[PDB]
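Each residue of the sequence shown is one higher than the one before, counting from 1 in PDB author numbering.
Working notes, structure below.
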Amino acid sequence: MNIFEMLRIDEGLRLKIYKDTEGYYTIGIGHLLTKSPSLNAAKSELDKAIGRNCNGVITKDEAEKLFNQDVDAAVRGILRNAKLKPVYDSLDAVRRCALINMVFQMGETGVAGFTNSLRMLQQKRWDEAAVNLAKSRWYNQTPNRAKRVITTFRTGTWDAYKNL
């Protein structure tokens, strides 16, 4: 298992513009287009993203291209971030994937706000961090996905994803 396989379990693949759990316009493998209520603003972001007139529909190919850019940008954001970098560097390979997952879902900013859990992860207090992470909007709004990521941090194995 690797970061792409993991995120693809969590995000799914949709080739036509769709709304987020949050009601936001998205496409592909969880590629958020706009937080704006117009399908028209979304379409325009889509064409700008792909470099063609898409009419709200992309190919697999275009979907995976956007996925590659997003994962790359997630990793780079982690590495550029003063709060995130230290925790990332301290972690093993599997747990590294769990933090990447959070960053992809919520952005750098969102995750850098989990102060206390970050602290506990650096300290390698796995059970404690799992309990603290659960106390969030994140867990309450997307419990199955949060629980898969949380187990990953807790155990350091890919078991939550075996099932899936």
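Ideal Cβ placement from N, Cα and C applies to all residues, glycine included.
Residue i, buried or exposed, once every other Cβ within 10 Å from all chains shown has been counted against 16
i: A73; result: exposed
i: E5; result: exposed
i: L164; result: exposed
i: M102; result: buried
i: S36; result: exposed
i: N140; result: exposed
i: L79; result: exposed
i: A93; result: exposed
i: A42; result: buried
i: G77; result: buried
Rounded straight-line distance, which links the Cα of residue j to that of residue i
i: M120; j: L91; result: 12 Å
i: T59; j: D20; result: 19 Å
i: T142; j: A112; result: 19 Å
i: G107; j: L84; result: 11 Å
i: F114; j: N68; result: 26 Å
i: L39; j: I17; result: 9 Å
i: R125; j: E64; result: 35 Å
i: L99; j: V57; result: 30 Å
i: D159; j: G51; result: 39 Å
i: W138; j: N55; result: 32 Å
Backbone secondary structure at residue i - three-state DSSP
i: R14; result: strand
i: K19; result: strand
i: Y24; result: coil
i: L32; result: strand
Sub-8 Å separation of residue i and residue j beta-carbons
i: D47; j: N53; result: yes
i: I27; j: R8; result: no
i: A130; j: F153; result: yes
i: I3; j: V71; result: yes
i: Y161; j: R145; result: no
Presumed contact (8 Å Cβ cut-off) between residue i and residue j, rounded CB distance
i: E45; j: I29; result: Their Cβ separation, rounded to whole angstroms, is 16 Å, which puts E45 and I29 out of contact at 8 Å.
i: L32; j: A49; result: Contact doesn't hold; Cβ gap of about 11 Å is too wide.
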